[PDB]
Amino acid sequence: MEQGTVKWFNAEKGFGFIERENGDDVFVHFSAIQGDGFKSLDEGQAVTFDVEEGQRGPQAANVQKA
């Protein structure tokens, strides 16, 4: 059950940070978020994501709306 809260969204970058339970900001990508309607993450909103491996950080892929 991979739940996370949107910390802050780098709209001008096309990326964002979603907290893991230990505060570990997971790095989400524009092509990882389901940009249905709008391509942004509501800061403070809780969602789910399919976290993948990443050499330079946890890859927040396949973002599912809670």
# chains A, B, ... in the order shown; residues from 1 in each chain; ligands from 1

$ residues_around --residues "residue 16 in chain A" --least-positions-apart "6" --cutoff "9 Å" --atoms "only C-alpha atoms" --output "number ranges by chain"
A: 6-10, 25-30, 40-41

$ write_last_selection --atoms "C-alpha atoms" --output "tab-separated table (two decimals), in the first residue's frame"
chain	number	residue	atom	x	y	z
A	6	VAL	CA	2.42	15.60	-2.10
A	7	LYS	CA	5.06	17.78	-0.46
A	8	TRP	CA	5.58	20.35	-3.18
A	9	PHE	CA	5.24	20.31	-6.95
A	10	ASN	CA	7.87	21.64	-9.34
A	25	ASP	CA	10.74	12.67	-0.68
A	26	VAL	CA	10.10	10.42	-3.67
A	27	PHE	CA	10.87	12.01	-7.03
A	28	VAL	CA	7.89	11.89	-9.39
A	29	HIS	CA	8.06	12.66	-13.12
A	30	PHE	CA	5.70	14.37	-15.58
A	40	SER	CA	-0.10	19.06	-11.37
A	41	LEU	CA	-0.04	17.54	-7.91

$ select_by_dssp --residues "chain A" --states "strand (DSSP E or B)" --output "ChimeraX atom specification"
/A:3-10,15-19,26-29,33,46-52,59-65

$ atom_distance --atom1 "CA of residue 64 in chain A" --atom2 "CA of residue 15 in chain A"
15.5 Å

$ closest_residue --among "A:33, A:38, A:48, A:60" --to "residue 5 in chain A" --atoms "only C-alpha atoms"
A:48

$ atom_distance --atom1 "CA of residue 59 in chain A" --atom2 "CA of residue 4 in chain A"
12.9 Å

$ residues_around --residues "residue 65 in chain A" --least-positions-apart "4" --cutoff "9 Å" --atoms "only C-alpha atoms" --output "list in words"
residues 34, 46, 47, 48 and 49 of chain A

$ write_last_selection --atoms "C-alpha atoms" --output "PDB file, in the first residue's frame"
ATOM      1  CA  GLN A  34      -1.565  10.585 -14.640  1.00  0.00           C
ATOM      2  CA  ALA A  46      -2.483  12.292  -0.429  1.00  0.00           C
ATOM      3  CA  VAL A  47      -2.123   9.848  -3.315  1.00  0.00           C
ATOM      4  CA  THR A  48      -0.657   6.468  -4.221  1.00  0.00           C
ATOM      5  CA  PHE A  49       2.176   5.555  -6.579  1.00  0.00           C
TER       6      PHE A  49
END

$ closest_residue --among "A:31, A:1, A:63, A:36" --to "residue 18 in chain A" --atoms "only C-alpha atoms"
A:63

$ atom_distance --atom1 "CA of residue 42 in chain A" --atom2 "CA of residue 56 in chain A"
24.3 Å

$ closest_residue --among "A:43, A:50, A:24, A:19" --to "residue 2 in chain A" --atoms "only C-alpha atoms"
A:50

$ decode --residues "range 9-55 of chain A" --atoms "N, CA and C atoms" --output "compact mmCIF listing (two decimals), in the first residue's frame"
# COMPACT_ATOMS: atom_id res chain seq x y z
N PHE A 9 5.21 20.69 -5.55
CA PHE A 9 5.24 20.31 -6.95
C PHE A 9 6.02 21.31 -7.79
N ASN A 10 7.07 20.83 -8.44
CA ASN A 10 7.87 21.64 -9.34
C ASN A 10 7.19 21.72 -10.70
N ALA A 11 6.17 22.56 -10.78
CA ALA A 11 5.38 22.69 -12.00
C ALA A 11 6.23 23.17 -13.17
N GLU A 12 7.17 24.07 -12.88
CA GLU A 12 8.04 24.63 -13.91
C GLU A 12 9.13 23.64 -14.31
N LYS A 13 9.28 22.58 -13.54
CA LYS A 13 10.25 21.54 -13.86
C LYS A 13 9.56 20.36 -14.52
N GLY A 14 8.33 20.10 -14.11
CA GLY A 14 7.62 18.93 -14.58
C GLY A 14 7.87 17.74 -13.67
N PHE A 15 8.22 18.04 -12.43
CA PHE A 15 8.52 17.01 -11.45
C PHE A 15 7.88 17.36 -10.11
N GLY A 16 7.96 16.46 -9.15
CA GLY A 16 7.40 16.73 -7.85
C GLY A 16 7.96 15.83 -6.78
N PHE A 17 7.70 16.17 -5.53
CA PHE A 17 8.17 15.37 -4.41
C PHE A 17 7.00 14.86 -3.58
N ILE A 18 6.89 13.55 -3.49
CA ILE A 18 5.85 12.92 -2.69
C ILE A 18 6.49 12.21 -1.51
N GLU A 19 6.05 12.53 -0.30
CA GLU A 19 6.70 11.99 0.89
C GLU A 19 6.40 10.51 1.07
N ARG A 20 7.41 9.77 1.49
CA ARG A 20 7.21 8.42 1.97
C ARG A 20 6.98 8.49 3.49
N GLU A 21 6.64 7.37 4.13
CA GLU A 21 6.25 7.39 5.54
C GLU A 21 7.37 7.93 6.45
N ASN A 22 8.61 7.85 5.98
CA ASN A 22 9.74 8.35 6.75
C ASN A 22 10.21 9.71 6.24
N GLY A 23 9.35 10.38 5.49
CA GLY A 23 9.66 11.72 5.00
C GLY A 23 10.57 11.70 3.79
N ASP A 24 10.92 10.51 3.32
CA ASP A 24 11.78 10.38 2.16
C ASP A 24 11.05 10.85 0.92
N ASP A 25 11.31 12.09 0.54
CA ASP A 25 10.74 12.67 -0.68
C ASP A 25 11.04 11.79 -1.89
N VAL A 26 9.99 11.22 -2.46
CA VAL A 26 10.10 10.42 -3.67
C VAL A 26 9.94 11.32 -4.89
N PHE A 27 10.80 11.12 -5.88
CA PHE A 27 10.87 12.01 -7.03
C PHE A 27 9.94 11.52 -8.14
N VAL A 28 8.86 12.26 -8.37
CA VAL A 28 7.89 11.89 -9.39
C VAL A 28 8.15 12.67 -10.68
N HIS A 29 7.79 12.07 -11.81
CA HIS A 29 8.06 12.66 -13.12
C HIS A 29 6.76 13.01 -13.84
N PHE A 30 6.85 13.93 -14.80
CA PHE A 30 5.70 14.37 -15.58
C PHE A 30 5.08 13.22 -16.38
N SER A 31 5.91 12.27 -16.79
CA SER A 31 5.44 11.13 -17.56
C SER A 31 5.14 9.95 -16.63
N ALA A 32 5.09 10.24 -15.34
CA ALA A 32 4.78 9.24 -14.33
C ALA A 32 3.44 9.55 -13.68
N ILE A 33 3.11 10.83 -13.65
CA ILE A 33 1.83 11.28 -13.11
C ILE A 33 0.74 11.10 -14.16
N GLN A 34 -0.43 10.65 -13.74
CA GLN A 34 -1.57 10.59 -14.64
C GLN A 34 -2.13 11.99 -14.85
N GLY A 35 -1.61 12.66 -15.87
CA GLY A 35 -2.04 14.02 -16.18
C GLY A 35 -3.40 14.05 -16.82
N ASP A 36 -4.39 13.57 -16.09
CA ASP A 36 -5.76 13.56 -16.57
C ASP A 36 -6.47 14.82 -16.12
N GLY A 37 -6.76 15.70 -17.07
CA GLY A 37 -7.38 16.97 -16.75
C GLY A 37 -6.35 18.06 -16.58
N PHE A 38 -5.42 17.85 -15.65
CA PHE A 38 -4.36 18.81 -15.40
C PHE A 38 -3.08 18.08 -14.99
N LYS A 39 -1.94 18.67 -15.32
CA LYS A 39 -0.65 18.07 -14.99
C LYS A 39 -0.05 18.78 -13.79
N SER A 40 -0.58 18.48 -12.61
CA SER A 40 -0.10 19.06 -11.37
C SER A 40 -0.48 18.16 -10.20
N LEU A 41 0.29 18.25 -9.13
CA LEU A 41 -0.04 17.54 -7.91
C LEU A 41 -0.45 18.54 -6.84
N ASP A 42 -1.61 18.34 -6.25
CA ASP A 42 -2.10 19.23 -5.21
C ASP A 42 -1.26 19.08 -3.96
N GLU A 43 -0.52 20.12 -3.62
CA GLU A 43 0.39 20.08 -2.48
C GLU A 43 -0.40 19.94 -1.19
N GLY A 44 -0.13 18.87 -0.45
CA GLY A 44 -0.89 18.58 0.75
C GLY A 44 -1.86 17.44 0.54
N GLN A 45 -2.08 17.08 -0.72
CA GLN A 45 -2.99 16.00 -1.07
C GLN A 45 -2.28 14.65 -0.96
N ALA A 46 -3.03 13.63 -0.55
CA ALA A 46 -2.48 12.29 -0.43
C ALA A 46 -2.87 11.45 -1.63
N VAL A 47 -1.90 10.72 -2.16
CA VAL A 47 -2.12 9.85 -3.31
C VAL A 47 -1.34 8.55 -3.17
N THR A 48 -1.40 7.72 -4.19
CA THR A 48 -0.66 6.47 -4.22
C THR A 48 0.21 6.42 -5.47
N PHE A 49 1.26 5.61 -5.45
CA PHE A 49 2.18 5.56 -6.58
C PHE A 49 2.92 4.23 -6.63
N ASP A 50 3.29 3.83 -7.84
CA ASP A 50 4.11 2.64 -8.02
C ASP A 50 5.59 3.03 -8.03
N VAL A 51 6.21 2.94 -6.86
CA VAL A 51 7.60 3.35 -6.71
C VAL A 51 8.55 2.35 -7.36
N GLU A 52 9.50 2.87 -8.12
CA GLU A 52 10.49 2.04 -8.79
C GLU A 52 11.89 2.39 -8.31
N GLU A 53 12.86 1.58 -8.72
CA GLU A 53 14.24 1.80 -8.34
C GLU A 53 14.83 3.00 -9.06
N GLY A 54 15.77 3.67 -8.41
CA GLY A 54 16.42 4.81 -9.01
C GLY A 54 17.80 5.04 -8.42
N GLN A 55 18.80 5.09 -9.29
CA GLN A 55 20.19 5.25 -8.86
C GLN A 55 20.39 6.57 -8.12
